[PDB]
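Chains as they are written, first to last, in the deposited numbering: chain A, 1054 to 1223, 1246 to 1351; chain B, 1054 to 1112, 1117 to 1223, 1246 to 1351.
Each residue gets a CB set at the ideal place from its N, CA and C atoms; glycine is no exception.
Here's the structure we're looking at; comments come further down.
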Amino acid sequence: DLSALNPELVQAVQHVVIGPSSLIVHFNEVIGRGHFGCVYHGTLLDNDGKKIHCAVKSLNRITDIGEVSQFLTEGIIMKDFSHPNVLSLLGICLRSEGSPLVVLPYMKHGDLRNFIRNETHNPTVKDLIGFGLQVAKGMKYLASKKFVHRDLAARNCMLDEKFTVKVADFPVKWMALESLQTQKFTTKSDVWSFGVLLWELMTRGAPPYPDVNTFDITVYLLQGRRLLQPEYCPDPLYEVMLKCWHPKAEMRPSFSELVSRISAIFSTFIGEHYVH
Amino acid sequence: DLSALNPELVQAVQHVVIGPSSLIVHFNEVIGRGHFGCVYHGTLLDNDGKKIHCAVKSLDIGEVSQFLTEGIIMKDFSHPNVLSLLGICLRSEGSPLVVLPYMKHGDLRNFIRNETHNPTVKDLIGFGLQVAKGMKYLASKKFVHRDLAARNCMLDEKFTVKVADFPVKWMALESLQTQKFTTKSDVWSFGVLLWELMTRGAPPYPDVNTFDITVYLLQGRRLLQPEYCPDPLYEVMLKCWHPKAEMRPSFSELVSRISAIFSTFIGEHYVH
Ligand SMILES: COc1cc2nccc(Oc3ccc(-c4cnc(Nc5ccc(F)cc5)n(C)c4=O)cc3F)c2cc1OC
Ligand SMILES: COc1cc2nccc(Oc3ccc(-c4cnc(Nc5ccc(F)cc5)n(C)c4=O)cc3F)c2cc1OC
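What follows is the structure, given as structure tokens:
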């Protein structure tokens, strides 16, 4: 419905809500491919009088109060995040006859996987390490807030005009061993996924374990087998990836540790095509 | 994992939280066999200071926030056939505690399966009518249960059925393929529940595998009429299992229909 919901919860989410008379969605201007849903070009008029171009995602017609309520508390959580490497929520739009709208800053270069996959772009080794370093900074921030991402991957990281990486969309070949067997997702589980994301970057967007099946991944990892060092990957960064794939979660590096480690490797490299 | 959450969400949950100083938990006095988790006998002091016998379930910011909003949702429901939430207790050192009114006769599946109990065909239909009324209430709130089953309904002292815990062999055909749950998806699960009641707690589809259940229902095979189930009630069951979600009856129509079937019987060992 619109507000067959709890008054206290509706009050809690108000600060996230965008009035539709300050939002224009160009439903004829699509930016999505499908992965994030159906995403459109938007124009948002803020309370400050500033008119900005944005991305607007249209939800499936959510049909029960349990779902709408979970959606709203997710919105509340994302609105609270404030880091340059974590994607911002501009707000949500609850309309009378139609599904809710999620309003996000426009991300000029789309997601990180597709940016590095097309031959038109030429990221250096340093550029790719840089993207991973930005991802780690955002993930360090999220961990500091006690927040598990649960779906870290290069496809789920966005790149703006200033080439700032935005962690978004907070998948068995990205999952930690314990997540595959015991179904447990922690901050150390995100460290494993980060490792896979680094591997993705240093291969420029190659699919992980391309010759192992989704159901065969668990037995593969119990053979001590890991993803092989990518062609753009430096030896010291590969040892970072291996540490991310330790089967015991407590034995993996923290994101705070990954930031200082990768940062040190990054500072040794020179030559960039995509700065900031 | 303390309240370093969004202040407005924390203020939204305040009406649901119980001050731990009004609660004693008997951690050495255990309730149940683990289906509902770690449940214990508790004593709760209400707003007037009245002692109330309760059951106490012992449970990242994302999970804790969703837990809180589910508590906000549950605390809002007010219907005799829906399990009420007395509150939640968010301790300084330890897991959140969920506080529920004590249900004397536990879950419905265990109660009917017990040979010591002698529910009549009318009693079992009555228990189904109670489930339907709670579900009609939930449907009216636009709320989907998602896990309706005999094991997930409770029985109190006055033999009031309380729908709780809001499972492939209870799942609707479109849930087994599209992963989508609706109020009509709940109607299907209710039919399996009615079947559970009439067979006095027999496992459904006992010979078929968990993964072979979707192809089983696609063939048009269903649960056979329970030995001691009335013909018009098995028709209700079959209507609840209609392959077209929109062709199944509403819980409002289930109430009235089952109310009628119930009324054509006499003989109750468990009166409500
Ligand atoms: C140039 O090309 C693109 C540009 C883009 N620009 C901006 C966003 C894009 O895609 C998206 C990224 C992110 C999310 C996203 C939505 N909601 C939540 N959470 C959320 C939950 C509940 C709630 F109430 C509010 C929020 N999260 C965690 C998200 O990551 C949605 C998206 F459509 C772009 C995509 C593009 O190409 C595909
Ligand atoms: C004597 O025999 C028994 C007696 C009992 N008496 C009273 C409760 C029992 O079991 C329970 C029933 C229900 C729930 C239950 C908890 N939380 C939620 N949701 C919820 C989410 C978040 C939030 F913050 C609060 C709430 N729901 C939807 C529930 O159904 C928990 C239970 F332990 C009893 C069990 C017994 O035998 C095992």
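Three-state secondary structure (DSSP) at residue i?
| i | result |
| --- | --- |
| B:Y1093 | strand |
| A:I1077 | strand |
| A:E1347 | coil |
| B:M1277 | helix |
| B:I1118 | helix |
| A:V1218 | strand |
| B:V1247 | helix |
| B:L1303 | coil |
| B:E1253 | coil |
| B:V1188 | helix |
| A:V1271 | helix |
| residue 1353 of chain A | Look at the range of chain A in this structure, 1054 to 1351, and you will see that residue 1353 of chain A is not part of it. |
| B:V1287 | coil |
| A:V1083 | strand |
| B:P1282 | coil |
| A:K1193 | helix |
| B:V1266 | helix |
| B:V1063 | helix |
| A:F1200 | coil |
| B:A1057 | coil |
| B:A1207 | helix |
| A:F1223 | coil |
| A:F1124 | helix |
So the beta strand (DSSP E) residue i belongs to, where does it begin and stop?
| i | result |
| --- | --- |
| B:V1070 | B:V1070 -> no beta strand (DSSP E), and no H or E assigned at all. |
| B:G1144 | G1144 to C1146 |
| B:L1333 | Here B:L1333 belongs to no beta strand (DSSP E); instead the alpha helix (DSSP H) covers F1330 to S1342. |
| B:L1212 | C1210 to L1212 |
Buried or exposed: residue i, going by 16 or more other Cβ atoms within 10 Å of its Cβ?
| i | result |
| --- | --- |
| B:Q1187 | buried |
| A:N1100 | exposed |
| B:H1088 | exposed |
| A:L1097 | buried |
| A:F1290 | exposed |
| B:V1083 | exposed |
| A:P1305 | buried |
| B:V1247 | exposed |
| B:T1343 | exposed |
| A:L1273 | buried |
| B:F1080 | exposed |
| A:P1285 | exposed |
| A:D1164 | buried |
| B:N1059 | buried |
| A:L1062 | buried |
| B:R1148 | exposed |
Between the options, which has its C-alpha nearest residue i's C-alpha?
| i | options | result |
| --- | --- | --- |
| B:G1119 | A:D1054, A:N1113, A:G1346 and A:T1261 | A:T1261 |
| B:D1117 | A:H1068, A:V1139 and A:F1200 | A:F1200 |
| A:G1090 | A:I1077, A:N1113 and A:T1173 | A:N1113 |
| A:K1104 | A:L1195, A:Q1123, A:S1074 and A:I1084 | A:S1074 |
| B:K1263 | B:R1203, B:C1210, B:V1218 and B:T1293 | B:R1203 |
| A:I1340 | A:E1172, A:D1180, A:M1160 and A:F1216 | A:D1180 |
| B:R1300 | B:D1310, B:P1283 and B:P1311 | B:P1283 |
| B:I1345 | B:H1079, B:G1183 and B:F1168 | B:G1183 |
| B:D1054 | A:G1095, A:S1197, A:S1342 and A:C1308 | A:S1197 |
| A:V1109 | A:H1094, A:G1102 and A:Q1123 | A:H1094 |
| B:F1168 | B:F1080, B:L1143 and B:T1217 | B:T1217 |
| B:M1211 | B:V1139, B:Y1307 and B:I1071 | B:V1139 |
| A:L1143 | A:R1166, A:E1061, A:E1347 and A:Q1067 | A:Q1067 |
| B:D1222 | B:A1065, B:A1324, B:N1209 and B:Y1307 | B:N1209 |
| A:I1077 | A:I1145, A:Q1123 and A:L1195 | A:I1145 |
| A:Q1256 | A:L1297, A:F1330, A:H1136 and A:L1303 | A:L1297 |
| A:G1072 | A:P1153, A:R1279 and A:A1206 | A:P1153 |
| B:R1327 | B:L1333, B:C1319 and B:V1334 | B:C1319 |
| A:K1161 | A:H1106, A:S1335 and A:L1276 | A:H1106 |
| A:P1158 | A:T1177, A:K1190 and A:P1137 | A:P1137 |
| A:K1190 | A:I1337, A:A1057, A:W1267 and A:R1279 | A:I1337 |
| A:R1166 | A:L1317, A:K1323, A:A1057 and A:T1278 | A:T1278 |
| A:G1280 | A:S1335, A:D1133, A:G1102 and A:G1185 | A:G1185 |
| B:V1350 | B:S1335, B:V1178 and B:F1269 | B:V1178 |
| B:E1150 | B:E1127, B:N1175, B:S1111 and B:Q1123 | B:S1111 |
So residue i is in the alpha helix (DSSP H); what residue range does that whole segment cover?
| i | result |
| --- | --- |
| B:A1108 | No alpha helix (DSSP H) holds B:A1108; the beta strand (DSSP E) holding it covers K1104 to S1111. |
| A:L1296 | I1292 to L1296 |
| A:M1316 | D1310 to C1319 |
Length at least 3, wholly inside the region 1127 to 1185 of chain A: the beta strand (DSSP E) runs in chain order: 1144 to 1146 and 1154 to 1158
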